[PDB]
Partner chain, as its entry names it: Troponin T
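There is one chain below, alone, in structure tokens, taken in the form solved without the partner chain.
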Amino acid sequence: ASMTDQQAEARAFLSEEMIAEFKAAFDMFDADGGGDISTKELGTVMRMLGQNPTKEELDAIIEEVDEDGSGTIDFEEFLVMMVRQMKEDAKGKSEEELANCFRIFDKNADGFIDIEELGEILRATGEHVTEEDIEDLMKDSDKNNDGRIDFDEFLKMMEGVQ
């Protein structure tokens, strides 16, 4: 995947109204209507659009897009950078939320989900789940056969592929 390749994939990832919205923000920093903005304003536009890159991350991006020393970033490269950041932030959010889901499921906080805690949470959903169904989930998820689900096994169970 080349940069233009990366650019077509960034556009395919977003709806067109989202892309127009992003450009509406981006254009407020252009001025010259060149289709580019100063690398010094990249962090500001990304934050305005809900992203939270670290300073180290911004420096890395700038270094990747400004090799000719023009001091600018164009809109197509900006979309690539936005999509990279959106993917990283969403995965961060998903990991944090799974850690909270686990602390909640583990009622006695012993660091493991046991069959009684698993059945209680599945039954509370209102679904017509049977004890066989709960036991089936426990066996398929308990990779070391200790009768319980630890956090590593919980992440694998939930992410599935995982």
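Heads up, when I say rigid core I mean the largest set of C-alphas that superpose within 1.5 Å between the two forms. Numbering follows the first chain given and starts at 1.
One more form of this protein should be noted, the form solved in complex with the partner chain, which is absent from this view; the next part is about it.
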In the deposited bound form, does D36 have a heavy atom within 4.5 Å of the partner chain?
no
Applying a 4.5 Å heavy atom distance criterion, does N100 contact the partner chain in the deposited bound form?
yes
Taking heavy atoms only, is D110 within 4.5 angstroms of the partner chain in the deposited bound form?
yes
Please check if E9 has a heavy atom lying within 4.5 Å of any heavy atom of the partner chain in the deposited bound form.
no
Looking at the partner chain in the deposited bound form, is some heavy atom of each of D106, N144 and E153 within 4.5 Å of it?
yes
Using a 4.5 Å cut-off on heavy atoms, what residues in 45 to 65 are near the partner chain in the deposited bound form?
none
Indicate whether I113 shows a C-alpha shift of 2 Å or more between this form and the one not shown, with the rigid core used for the fit.
no
Can we say the CA of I104 moves by at least 2 Å between this form and the one not shown when the core is superposed?
no
Is the C-alpha displacement of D136 equal to or greater than 2 Å between this form and the one not shown once the rigid core has been superposed?
no
Between the shown chain and the other structure, the Cα gap of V83 to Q51 differs by 3 Å or more. Is it closer or farther in the deposited bound form?
farther
A change of 3 Å or more separates this form from the other: in the deposited bound form, the C-alpha atoms of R47 and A20 are farther
